[PDB]
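Following the deposited numbering, the numbering of the sequence shown begins with 1 at its first residue and continues without gaps.
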Amino acid sequence: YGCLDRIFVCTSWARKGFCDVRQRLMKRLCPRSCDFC
Numbered sequence: 001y002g003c004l005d006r007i008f009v010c011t012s013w014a015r016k017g018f019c020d021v022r023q024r025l026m027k028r029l030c031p032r033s034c035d036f037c
């Protein structure tokens with residue numbers, strides 16, 4: 001395991017497609033929102 005983010009700008013990314021186009025960076029930045037656990 002390890003799913004752990006470190007910022008609060010995920011809610012905006014989650015609705016911005018960050019879990020599909022920018023996921024490459026959200027994977028370790030905010031896996032809690034996009035669910036990259």
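Every residue, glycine too, gets a C-beta built ideally from N, C-alpha and C.
Please confirm whether any heavy atom of the ligand COA lies closer than 7 Å to the CB of residue i.
i: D5; result: As presented, the structure is devoid of all ligands, the ligand COA included, so that no description of it is given.
Taking the Cβ atom as the reference point for each residue, do residue i and residue j lie within a distance shorter than 8 Å?
i: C10; j: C30; result: yes
i: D5; j: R32; result: yes
If you follow the alpha helix (DSSP H) that residue i is part of, which residue opens it and which one closes it?
i: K27; result: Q23 to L29
i: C10; result: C10 to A14
What does the Cβ neighbour count give for residue i, buried or exposed, with the cut at 16 atoms within 10 Å?
i: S12; result: exposed
i: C3; result: exposed
i: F18; result: buried
Can you check whether the C-beta of residue i is within less than 8 Å of a C-beta belonging to chain D?
i: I7; result: Checking the listed chains, one finds no chain D in this structure; it contains a single protein chain.
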